[PDB]
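One structure is given here, and the rest of the page talks about it.
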Amino acid sequence: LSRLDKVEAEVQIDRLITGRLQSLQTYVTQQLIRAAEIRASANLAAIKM
Amino acid sequence: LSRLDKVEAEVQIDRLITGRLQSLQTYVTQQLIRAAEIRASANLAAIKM
Amino acid sequence: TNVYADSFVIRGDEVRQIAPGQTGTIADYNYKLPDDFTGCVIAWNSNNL
Amino acid sequence: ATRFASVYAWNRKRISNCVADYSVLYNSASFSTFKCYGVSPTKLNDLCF
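Line by line, the protein sequences are chains S, C, A and L. Once you know that position 38 of the first sequence is 1018 in the entry's author numbering, the rest is easy, because the numbers rise by one and skip nothing. Once you know that position 10 of the second sequence is 990 in the entry's author numbering, the rest is easy, because the numbers rise by one and skip nothing. Once you know that position 28 of the third sequence is 420 in the entry's author numbering, the rest is easy, because the numbers rise by one and skip nothing. Once you know that position 19 of the fourth sequence is 362 in the entry's author numbering, the rest is easy, because the numbers rise by one and skip nothing.
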């Protein structure tokens, strides 16, 4: 944004957006699977209690 | 398709395909995780039965 | 919905500025085209007149 | 400069420890081609090298 004008910048920013959004979706998917694993362990611990 | 010639259209359509396919993969991944949660709950209900 | 015909004369060199996302003598101070412009830039030699 | 080098013997004048104004080089527009790669012709005035 300090260095390219809008129509040339927009291509570069769309690359950054795409890869950062794919990093976020990867994080949140792995957190949904970790959340299920801890949920199972919490259910087990409530049974053991 | 009513407005751009084929070769200029193909770039735009490839953008739409990319975003729609990423939306579908996100839906189906969240459904696989929800399916695991409901599967665990069904197994528990079969045990309680 | 409407059509607007914008009409002017320039050097056959500086014609290269008349496109969306451009800068230069004509683009900067005379006629600027928006980044999401829909339209046709039609131009032809007039050294006969 | 009065007379240029031959392009087989292209000459690299180092410019450094100085204050520039590339709007003079651009907007004066005695030129004809001005392709700026990796930097915008406009934001070029807002930047240090």
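Heads up, the beta-carbon is just placed ideally off N, CA and C, and yes, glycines get one too.
The three-state reading of DSSP puts A/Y423 in coil, since its state is none of H, G, I, E or B. Taking a Cβ-Cβ threshold of 9 Å, none of the residues of chain C is close to S/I1018; the smallest such distance is about 13 Å. Boundaries of the alpha helix (DSSP H) around L/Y369: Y365 to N370.
DSSP, read as helix, strand or coil, puts L/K356 in coil. Residue environment: L/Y369 is assigned as buried (16 or more neighbouring CB atoms within 10 Å of its CB, all protein chains considered). For C/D994, the three-state secondary structure derived from DSSP is helix.
Taking a Cβ-Cβ threshold of 7 Å, the residues of chain L close to S/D985 are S383, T385 and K386, in chain order.
Residues of the region 360–375 of chain L that bring their beta carbon within less than 9 Å of a beta carbon in chain A comprise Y369, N370, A372 and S375, in sequence order.
In this structure, the alpha-carbon of L/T376 lies about 18 Å from that of L/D364.
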